[PDB]
Every structure is written in structure tokens, then in C-alpha cells.
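Remarks on the structure that follows.
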Amino acid sequence: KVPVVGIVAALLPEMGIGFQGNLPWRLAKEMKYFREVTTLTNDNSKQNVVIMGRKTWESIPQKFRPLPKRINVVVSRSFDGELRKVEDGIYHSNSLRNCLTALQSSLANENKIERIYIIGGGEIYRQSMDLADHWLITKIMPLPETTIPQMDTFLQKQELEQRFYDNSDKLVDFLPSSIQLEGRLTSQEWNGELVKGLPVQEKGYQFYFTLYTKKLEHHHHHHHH
Ligand SMILES: NC(=O)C1=CN([C@@H]2O[C@H](COP(=O)(O)OP(=O)(O)OC[C@H]3O[C@@H](n4cnc5c(N)ncnc54)[C@H](OP(=O)(O)O)[C@@H]3O)[C@@H](O)[C@H]2O)C=CC1
Ligand SMILES: CCc1nc(N)nc(N)c1C#CCc1cc(OC)ccc1OC
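The authors' numbering puts the first residue of the sequence shown at 3, with every later residue one more than the last.
Okay, here's the thing in C-alpha cells:
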């Protein structure tokens, strides 16, 4: 019942997202977007959840975690079970899939979660293509004089574009209504792919905020008792 949204920043065209356990760039406007999207809600009585893998959590600066004003969930196979409060703001789960089931329980959640955002890292996003309802992808491109950074972790773009379509016409309506974005919706070709979304530039990069949404599915079966 709650939407599940993966949110990630990726460098085109290979959709690289990390190198040596860290992000391959430091873009304050891209961090601000991620902060505002995952923190803000349309209903001020609700919060969103951020779910992340153990190596993502260990990479977030200590003074900045758990991420404020969001319920944080960290997943590790060494943890005890599907969704356990361990500290204020912090839940631990030994299962991405079972934590999503647990968070979706209206009895547990009192209908006070608005969205669940899956915020990384590579291993977790690999497993999320069949769990997410939408992806919010910041597509990053180096500007012509900018050196492409080294990267070692990538979003699965094949499986992205099998299952989801570029729905960026609807991004501004999908984001919580109090966010305010600088760009207007723009379509630009870049190395032969269409990049569509809300543009910004920072340091040596241009990047677009984009929305992908699941493709329509045929009706093959519905379970009957
Ligand atoms: N550009 C961006 O938007 C982002 C980039 N990143 C980048 O991604 C990289 C980190 O990715 P990665 O190394 O893949 O690691 P992850 O952050 O994906 O963490 C992987 C760990 O999560 C646990 N885990 C994985 N699947 C499950 C599951 N189904 N259930 C319970 N636990 C599970 C395991 O923990 P354990 O070993 O303890 O069992 C595993 O080692 C860094 O470079 C980081 O900067 C991260 C977030 C955002
Ligand atoms: C890097 C900011 C970001 N952007 C988008 N679009 N999606 C995301 N999932 C993230 C992220 C993240 C986690 C994070 C937070 C942080 O300081 C608050 C530092 C590092 C982070 O992840 C490696």
C-alpha cells in the first residue's frame, strides 16, 4: 500500500554510482534534492522511511546518521530478524524483502509512513528492481572539459529499462508539493540517449532529476480463493 521508490544519482551512460565505498562526486545541490525529497511529505503527520544496505550506512558521515526526520532502516544478513528497533531513528533488518513486508503492515505502521525510499547501495538496488514502484534517478553527465570519475558500482540500466519507462513529465507532480526545483522540464540528447527531466549544473557536471515508473502489465492471473 505505501509506494516504494528507489532514489539514486547515477553518471551516464553506464549509470555509475560509487567507487571504493564512496560516491564519485560531491554535489551539494544533488544532496539537497535527495534530502528534501526523502524528508518532505504531503501529510505533515507522516514520515518517510529510508532503507539502505549496511555498506551505504557505514559510508554516511557519523555526524549525519541516522538521517534526520526519516525512519532509517539498515539491512545486513548478520542482523537478527525482519525489523528490530536498535536505537532512536534506527531499525535493523536481516532482509530487504521481509522489512518491506513489515513496513507495509498498517497495524505496525499506523498508516503514518508516506513513502518508503530505497537509498542504496549497488547490491540493494540490484534486488530492488522487482520491488520498487518508481525510481527517482538523478542523471549526471560530465560537462565537456570534465574528467569522467573512476567508478566500480553501477545501477542495472538493462533491468531498469525492461521494467520501467521514463515518466519525467510527471516528476514535478510526483515530488512532495513543497519542494521547489530550479530547472524547467528539458529533453536533451546526450551520447545518443534522450535525457529528460529538470536540469541543474554544479561544479563540472550537468544533471537532470528524472522519474521512472513501472510499465503497464498484462493481466495474466489474479489469485482467487
Ligand atoms: N550514487 C548514489 O545515489 C549512491 C551510491 N551508493 C554507493 O554504493 C556503494 C555501496 O554499494 P554496495 O557496496 O553494493 O553496498 P550496499 O550499500 O548495497 O550494502 C550491501 C550490504 O547490504 C547487506 N544486504 C544486501 N542485500 C541484503 C538483503 N536482501 N537483506 C539483508 N541484507 C542485505 C549485506 O550486508 P552484510 O555484509 O552486513 O551482510 C551487504 O554486504 C558505495 O560506493 C556507495 O557510495 C550508495 C547510495 C547512493
Ligand atoms: C548522494 C545523495 C543521494 N542522491 C540520490 N539521488 N540518491 C541517493 N540514494 C543518495 C544517497 C545517499 C546516502 C548518503 C547520505 C549522505 O550524507 C547525508 C552521505 C552518503 C550517502 O550515501 C553514499
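We put the CB at the ideal spot given by N, CA and C, even for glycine.
Practice problem: Go to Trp59, then tell me how far its alpha helix (DSSP H) extends in each direction, as first and last residue. | Solution: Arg56 to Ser61
Is the CB-CB distance between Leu157 and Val10 below 7 Å?
yes
| Would you report the Cα separation of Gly23 and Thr155, rounded to the nearest angstrom? | 9 Å
Measuring CB to CB, does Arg117 end up less than 7 Å from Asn50? yes
### Task
Classify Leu69 as buried or exposed, calling it buried when 16 or more other Cβ atoms lie within 10 Å of its own Cβ.
buried
Exercise. Any heavy atom of ligand 1 within a distance shorter than 6 Å of the CB on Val39?
Worked result: no
Practice problem: Counting only the same chain and skipping the five closest in sequence on each side, list residues whose C-beta sits under 8 Å from that of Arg99. | Solution: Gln129 and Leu133
Near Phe166, which residues of its chain fall below 7 Å by C-beta distance, leaving aside the five closest residues on each side in sequence?
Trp137, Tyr214, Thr215, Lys216 and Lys217
### Validate contact between the stretch 189 to 203 and the stretch 135 to 149 using beta carbons, cut 8 Å, 3 pairs
yes
query = Cβ of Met143 versus every heavy atom of ligand 2: is any distance shorter than 6 Å?
reply = no
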